[PDB]
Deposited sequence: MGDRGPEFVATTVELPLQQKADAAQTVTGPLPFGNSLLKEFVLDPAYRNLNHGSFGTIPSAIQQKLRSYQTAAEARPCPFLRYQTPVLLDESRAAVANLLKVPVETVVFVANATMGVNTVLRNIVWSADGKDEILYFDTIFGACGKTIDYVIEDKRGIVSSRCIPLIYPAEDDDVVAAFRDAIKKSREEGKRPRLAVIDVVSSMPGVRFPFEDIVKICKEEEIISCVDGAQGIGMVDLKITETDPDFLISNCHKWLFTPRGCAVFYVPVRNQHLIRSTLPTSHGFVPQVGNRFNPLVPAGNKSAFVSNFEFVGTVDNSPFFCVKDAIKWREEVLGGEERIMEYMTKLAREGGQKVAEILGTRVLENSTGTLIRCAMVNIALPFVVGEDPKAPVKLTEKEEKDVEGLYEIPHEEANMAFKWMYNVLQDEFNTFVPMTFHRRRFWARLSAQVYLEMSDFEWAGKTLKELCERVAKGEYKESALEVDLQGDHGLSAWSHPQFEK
């Protein structure tokens, strides 16, 4: 005998509501029933002998999860620690960077940055008083990989032309909205060519795609284990190479491990073990999830290849149903993850305060589609979220990009092709309802 087959037969191993269809695993993730049992096993041990377990078994269990995730990512264990989530990790980097005294440091970032990380940038500048500022790089999707590379090299060239210093850049592994594989290998590589700190936001990363940490060699990398590695909610892996760990002077929040102003566990690794009393049972389950995905399922590569294959083929099915298309570039490099974006068969029309000149391909593509007006776009956007939840018992996040709604579907090992055919209707049935102005 061997690993379990994928598809709806795998739902027996999970704890989803059978009447609910989880097309949006990429937002909060979920865990199999066995990992939920492990999580409550750590809860039980924590309340049986609180002080003996929380004081001296927390470092032991953390080190077991650190060695389990480090071998998966194929990095030295001394380079990985656990934090609350991707939002927490990104702040740990941005709040710790000592900016140059001359006030020219600039944070380069793309306009598809996760909203929380973007607002973390906005405030870091407010709190740090304008010693640093930010330059947003507008990306146009579907985006060819070389055009993204070109726009980032153009932002550096422009930054220096205004006498400023591109200091740090945040880079997605897989972007949130739209759910798209980002060419982070090239942008990270040029960050070192131009001596720019690479802060890799890879929240949509571990468990879904190969992060290639040893090869890309980033200065910092964040990734949510609870998103695609079946780790309980509230866990991210924080990778820092030893050359740059001295820059993480304080954790978030500051705790006992901080040092103001031999030869065992490093002070960096020690500082992340106790950062305030929390439930660490999700951190403990990381070694269980990696074990379960390997022993019960085929392993990481068999998991990832199925999801990506299902994301392309299934995204293509809902695209052929709706009569639109998938979000993809000419190199086929955007759908290199478990998520896929499909355009909905209508448009919202020009907004006068912010007009959009679409390319010929985009205008040509919309010919014949039904058009609602722009005042009702936000109203229709909220109406589709409730109806999907209330009538259809599902959730589908949608990206509003250039007068098109792009639905983001996320494939997973407990899903199959019939789950997209169902997604085809619901989106098409519901899109037939917005054309009839039902949201009013």
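*Which segments of the deposited sequence lack C-alpha coordinates in the modelled structure, numbering from residue 1?*
Unmodelled stretches: 1-27, 289-298, 478-501.
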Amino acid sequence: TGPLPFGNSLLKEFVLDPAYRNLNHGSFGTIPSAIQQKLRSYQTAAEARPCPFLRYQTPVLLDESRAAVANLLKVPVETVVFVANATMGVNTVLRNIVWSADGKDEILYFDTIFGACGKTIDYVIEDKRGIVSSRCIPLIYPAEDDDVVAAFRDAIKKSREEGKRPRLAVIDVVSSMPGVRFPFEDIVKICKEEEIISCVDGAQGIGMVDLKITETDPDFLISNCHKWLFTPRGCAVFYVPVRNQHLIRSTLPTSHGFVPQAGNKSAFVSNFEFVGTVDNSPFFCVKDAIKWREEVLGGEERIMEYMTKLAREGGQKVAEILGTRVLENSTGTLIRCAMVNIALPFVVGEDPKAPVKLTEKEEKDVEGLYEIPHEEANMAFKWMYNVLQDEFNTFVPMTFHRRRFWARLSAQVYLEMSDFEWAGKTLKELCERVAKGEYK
From here on, numbers count along this sequence of modelled residues.
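*Could you check the entry and say whether 370-378 or 29-37 has the higher mean CA B-factor?*
The stretch with the larger mean CA B-factor is 370-378.
*Decide which of the stretches 407-415 and 386-394 has the higher mean C-alpha B-factor, going by the entry.*
Per the deposited B-factors, the answer is 386-394.
*Based on what the PDB entry reports, which of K317, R233, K287, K164 has the top C-alpha B-factor?*
It is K164.
*Selection from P282, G115, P355, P178 [criterion: highest C-alpha temperature factor in the record]*: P355 has the highest C-alpha B-factor of those listed.
*Relative C-alpha B-factor of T426, binned into the chain's lowest, middle or highest third*: Within its chain, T426 is a highest-third residue by C-alpha B-factor, going by the deposited values.
*Would you please rank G103 by its C-alpha temperature factor against the other modelled residues of its chain and give the third it falls in: lowest, middle or highest?*
Highest third, going by the recorded CA B-factors of the chain.
*Would you check the entry's CA temperature factor for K227 and let me know if it's in the chain's lowest, middle or highest third?*
Answer is lowest: the recorded C-alpha B-factor places it there.
*Can you work out whether the C-alpha temperature factor of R312 puts it in the lowest, middle or highest third of the chain?*
Its C-alpha B-factor belongs to the middle third of this chain's values.
*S330 - which third its CA temperature factor falls in, relative to the rest of the chain*: Highest third, going by the recorded CA B-factors of the chain.
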